[PDB]
Amino acid sequence: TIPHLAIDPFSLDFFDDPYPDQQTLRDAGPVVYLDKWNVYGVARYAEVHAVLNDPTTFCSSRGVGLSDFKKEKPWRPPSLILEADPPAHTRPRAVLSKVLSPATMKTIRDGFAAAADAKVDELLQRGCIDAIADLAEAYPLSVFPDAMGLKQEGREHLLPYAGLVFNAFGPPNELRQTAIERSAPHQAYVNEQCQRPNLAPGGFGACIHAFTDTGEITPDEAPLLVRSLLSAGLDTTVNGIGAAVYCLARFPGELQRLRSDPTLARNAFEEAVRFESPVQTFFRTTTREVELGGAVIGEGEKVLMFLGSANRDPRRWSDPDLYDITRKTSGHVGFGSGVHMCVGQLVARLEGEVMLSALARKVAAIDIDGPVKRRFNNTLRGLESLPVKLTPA
Ligand code: HEM
Ligand SMILES: O=C(O)c1ccc(CCBr)cc1
Ligand SMILES: [Cl-]
């Protein structure tokens, strides 16, 4: 009753152009079985949203990658928030929610925006820059590690560690095996920076440790929660900002609308998250036999959610393959949905907004003027290199 497909959603060919194979996954049926990896898959918005919003049935404590923590040892100690289910998930979630709260955004917004304007001003001085290394990577590196409270030493480990993390969610292919092979130095650095003495006062890290005397988390839970932000906090915004600039580079008409009304920056970034879905996929594990889109899934089965496919499902979106900065983007699943919905989405949106605001005010045109190179990762979608000429406004 369930169609079986041979598509490998973690193959290089798939990463290079996933959209045809994603329509094939959506249109084969509401629930497919991927013979390559022995997992169920849902690529339509409706089922992706349902799975995300049934955390009891589709749990996260058995891992949100392919590996089932009940069957294999996790490559690193489980995240106390991402790889936990309610109620164990609840209190750590609240702490991270207050650490990255609306009130917290007000303390960092001015510095984040000044750093965004400064970067655009710097890039305009060069003209022909790499929107990835010189913008999508350079900007978050100039604000987030400092907002964390990290020392300068060792920050080169941050992106390699994040790439390792997101590759580790995937199947045991060469991307994952190679990432884990090289992980030791990056794990050592990250784990060490998670300790209270190594986090500058007032930053996200020290604020997490400060919540250890409320009874929401104990002192021994703080390092792993700092680890969460060092895992999910940087490389995501890199690919989110990169996708936004990529969209504006490909859709000059939308850049011109953004210039005409820079208050659209925040929605232009949200639309970029939907349109590219930098975070492409996550797994759940069934805790019982479940009926999902006419299929009966047994207990202990991995289910692969195609977030990016769900964000382009024409059953849900009008003109899904068009970048539209005035689109009503509420409901897209690029930040997830439900109890695990991205707790750092205010940071992500802040960085995205202030950067697109800088571009909206300072840039008249963004033209690709060089080979576009894609970066391959089992979970992240984004570019390795995006040469562009920036024309001053
Ligand atoms: C474009 C930027 C970002 C995107 C697209 C993104 C995407 C996502 C998605 C889809 C989830 C859901 C995971 C799941 O359902 O299993 C998630 C969760 C999470 N995100 Fe983000 N994220 C972004 C930025 C950030 C930032 C900046 C931070 C921290 C500063 C962060 C921290 C987290 C954490 C800790 C979780 C786990 C929350 C939980 O399990 O309750 N993310 N993110
Ligand atoms: O808690 C963590 O370490 C963690 C949380 C979320 C992700 C991916 C969603 Br942006 C990865 C790692
Ligand atoms: Cl680690």
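Note that ligands are numbered from 1 as they come in the structure, with each ligand's atoms numbered from 1 the same way. Residues: numbered from 1 along the sequence shown. Side-chain atoms are counted along with the backbone in the values below, which use heavy atoms only and exclude waters and symmetry mates.
Counting heavy atoms under 4.0 Å from ligand 1, residue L307 touches it through the side chain alone. Only the side chain of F144 comes within 4.0 Å of ligand 1, counting heavy atoms alone; its backbone N, CA, C and O stay farther away.
In this structure, atom 5 (C) of ligand 1 lies nearest to the protein heavy atom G334 O, 3.4 Å. The protein heavy-atom contact nearest to atom 12 (C) of ligand 1 is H340 O, 3.7 Å.
In terms of polar-atom proximity, defined here as any N/O pair under 3.5 Å, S228 makes no such contact with ligand 1. Between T237 and ligand 1, a contact under 3.5 Å exists for no N or O pair.
The closest side-chain heavy-atom distance from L230 to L150 is below 4.5 Å. Contact of the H332 side chain with the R327 side chain is not registered, since no non-hydrogen atoms from C-beta on lie closer than 4.5 Å.
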Test side-chain contact (heavy atoms from CB on, under 4.5 Å) applied to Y323 and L248, step by step: CA-CA 9 Å; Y323 179 70; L248 295 166; 4.1 Å; yes
Run the numbers on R257 and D261 for side-chain contact (heavy atoms from CB on, under 4.5 Å), then give the verdict. CA-CA 6 Å; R257 303 171 76 204; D261 185 351; over 6 Å; no
Can you check side chain to side chain donor-acceptor pair (under 3.5 Å) on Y33 and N38, steps first, answer last? CA-CA 7 Å; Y33 195 82; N38 268 296; 2.5 Å; yes
The test is salt bridge (charged side-chain N to carboxylate O under 4.0 Å, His left out); show your working for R62 and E299 and say whether it passes. CA-CA 12 Å; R62 289 170 68 164; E299 185 278 346; 2.9 Å; yes
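Not a single heavy atom of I241 lies less than 4.0 angstrom from ligand 1. In this structure, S60 does not count as a contact residue of ligand 1, since none of its heavy atoms falls inside 4.0 Å of the ligand. Ligand 1 lies less than 4.0 angstrom from a heavy atom belonging to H89. Distances shorter than 4.0 angstrom do not occur between any heavy atom of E351 and any atom of ligand 1.
The number of heavy atoms from other shown groups lying within 6.0 Å of CZ (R91) does not exceed 12. Atom CD of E291 has more than 12 neighbouring heavy atoms from other residues, nucleotides or ligands inside a 6.0 Å radius.
Expressed to the nearest 0.5 Å, how far CD of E271 lies from CG of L356 amounts to 12.0 Å. Rounded to the nearest 0.5 Å, atoms CZ (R374) and OH (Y246) are 6.0 Å apart. For the atom pair OH of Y19 and CZ of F14, the computed distance is 10.0 Å after rounding to the nearest 0.5 Å. Taken from CZ in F112 to OH in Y139, the straight-line distance is 6.0 Å, to the nearest 0.5 Å.
With ligand atoms numbered from 1 in the order given, ligand 1 contributes 38 (C), 39 (C), 40 (O), 41 (O) to contacts under 4.0 Å with heavy atoms of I81. When each atom of ligand 1 is checked for a heavy atom of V339 under 4.0 Å away, the hits are 41 (O). Interface atoms of ligand 1 facing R93, defined by a heavy-atom separation under 4.0 Å, are 38 (C), 39 (C), 41 (O).
Using a 3.5 Å distance cut-off with no hydrogens or angles, the side chains of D220 and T218 do pair a donor with an acceptor.
Looking at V51, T56, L52 one by one, the single match for side-chain contact (heavy atoms from CB on, under 4.5 Å) with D54 turns out to be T56.
Side chain of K362 to backbone of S357: no donor-acceptor contact under 3.5 angstrom is found.
With distances taken over non-hydrogen atoms, the option nearest atom 15 (O) of ligand 1 out of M341, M148, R284 is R284.
In this pair, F144 and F204 present their aromatic rings tilted. The plane angle is within the 30 to 60° band.
Distances under 2.8 Å from atom 21 (Fe) of ligand 1 pick out the protein N/O/S atoms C342 SG.
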Provide, line by line, the atom pairs where ligand 2 and the protein bring an N/O atom each to a distance under 3.5 Å; else say none.
residue  : atom  : partner : partner atom : Å
ligand 2 : 1 (O) : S79     : OG           : 2.6
ligand 2 : 1 (O) : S228    : OG           : 2.6
ligand 2 : 3 (O) : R76     : NH2          : 3.0

